[PDB]
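To start, the structure under review is shown below, and the notes come after it.
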Amino acid sequence: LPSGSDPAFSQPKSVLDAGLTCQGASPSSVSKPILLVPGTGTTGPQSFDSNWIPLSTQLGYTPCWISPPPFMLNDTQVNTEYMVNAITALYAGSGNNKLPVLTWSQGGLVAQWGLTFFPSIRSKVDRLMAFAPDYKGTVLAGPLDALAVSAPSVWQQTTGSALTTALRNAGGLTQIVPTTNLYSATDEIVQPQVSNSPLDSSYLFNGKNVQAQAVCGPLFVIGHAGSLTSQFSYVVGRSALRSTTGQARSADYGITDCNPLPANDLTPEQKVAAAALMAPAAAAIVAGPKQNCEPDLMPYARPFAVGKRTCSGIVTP
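So mature numbering (1 follows the signal peptide of the UniProt record, and there is no 0) is basically just the index in the sequence shown, starting at one, shifted up by 7.
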């Protein structure tokens with residue numbers, strides 16, 4: 008696992024700061040912040056307005072989020088710079104108190120990438136609550152060879168990618184801070200997720216790995232977005248946030264919580280918006296960046312994926 012000083016940011020501080028917003032507060036002075044990291048093809052508000060923004064507010068947090076441009080489609084390594092910068096700012100702005108990080112989709116990959124390669128934030132994050140994280144990427148678009156022109160982060164989230172290779176070899180498939188991963192065997196975006204074991208893309212060693220169907224049975228169906236928004240997901244997430252251990256507790260959730268519909272506490276309007284969470288991604292991609300190669304790894308990540316192919320060529324020693 009990488010140690011010592013943080014790698015330098017490729018983006019200017021002003022650019023990174025511009026990507027961070029808190030509800031009714033500035034990052035420099037915020038009470039009980041929670042950092043929300045969005046999914047591929049979305050901004051922070053698009054990922055969370057219908058769900059964790061109001062839900063974390065009702066639990067006593069000030070929700071904050073990053074919106075790396077354009078819509079999380081750029082290089083995941085750059086998206087991570089936004090998160091690392093945000094944690095540094097929010098830790099300082101809350102009186103040097105650790106804060107929780109809650110994520111959806113790529114957001115979890117970003118969080119774990121940050122924790123793997125930027126040691127400074129390990130003492131600033133008290134827990135990670137990741138919904139449908141794709142630490143191994145996904146196999147559903149097929150192999151990297153044969154991918155059509157795609158967004159930078161879509162390359163990186165393809166199973167076999169240089170990015171996912173580097174994360175694994177650097178020790179990033181083991182939890183770094185107390186982590187809960189809530190995911191679904193019926194995820195239509197991220198696979199494989201079916202085994203309820205370390206094979207699953209959402210699994211971290213030593214983490215609290217909660218495949219919904221392991222608790223709820225074979226008839227429980229939630230998709231990629233439902234993994235974030237469901238009532239079951241809320242109970243698990245609430246457990247993780249409140250836990251003195253930093254992970255969700257089995258005593259806090261069971262079969263009686265196996266409601267696949269959006270969280271009960273959301274307004275009817277919020278439930279509808281939550282159900283339609285995937286919608287904005289479609290427009291985002293069409294107008295979004297596309298290329299025929301995976302972005303180069305940053306120098307800090309290269310020793311963990313020698314021999315993998317990126318835009319400049321094969322990663323050399």
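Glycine included, every Cβ here is placed at the ideal spot set by N, Cα and C.
When secondary structure is reduced to three states using DSSP, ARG245 falls in the helix class.
Fully contained in the segment 9-57 are the following alpha helix (DSSP H) runs of length 4 or more, in chain order: 20-25, 51-55. If you draw a straight line from the Cα of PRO199 to the Cα of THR145, it comes to about 7 Å.
For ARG134, the uninterrupted beta strand (DSSP E) run begins and ends at 132-138, by DSSP. In this structure, the alpha-carbon of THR181 lies about 5 Å from that of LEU211. For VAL217, the uninterrupted beta strand (DSSP E) run begins and ends at 215-218, by DSSP.
With respect to the C-alpha of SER130, the residue from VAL108, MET79, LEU147, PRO269 having the closest C-alpha is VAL108.
By DSSP's assignment, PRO269 forms a beta bridge with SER237. Cα atoms of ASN213 and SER101: separation of roughly 28 Å, rounded to the nearest angstrom. Note that the C-beta distance between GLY121 and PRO45 is not below 8 Å. In the displayed model, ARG256 falls within coil according to three-state DSSP, outside both helix and strand. Taken through DSSP and simplified to helix, strand or coil, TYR98 comes out as helix.
Only buried fits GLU301, as 16 or more other CB atoms lie within 10 angstroms of its CB.
Taking all protein chains in view, the Cβ of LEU147 is surrounded by fewer than 16 other Cβ atoms within 10 Å, so the residue is classified as exposed. Cα atoms of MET305 and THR263: separation of roughly 46 Å, rounded to the nearest angstrom. C-alpha of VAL37 to C-alpha of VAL322: approximately 42 Å in a straight line. It is roughly 27 Å from the alpha-carbon of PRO185 to the alpha-carbon of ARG309. Secondary structure remark: continuous alpha helix (DSSP H) runs of at least 4 residues inside the segment 130-206, in chain order: 159-163, 169-176.
Nearest to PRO296 by C-alpha distance, out of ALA282, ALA219, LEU235, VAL161, is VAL161. Contact annotation, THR83 with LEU170: C-beta distance approximately 6 Å; criterion of less than 8 Å satisfied. Here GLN298 is exposed, its C-beta having fewer than 16 other C-beta atoms within 10 Å. If you check the CB distance, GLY178 and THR123 come in under 8 Å.
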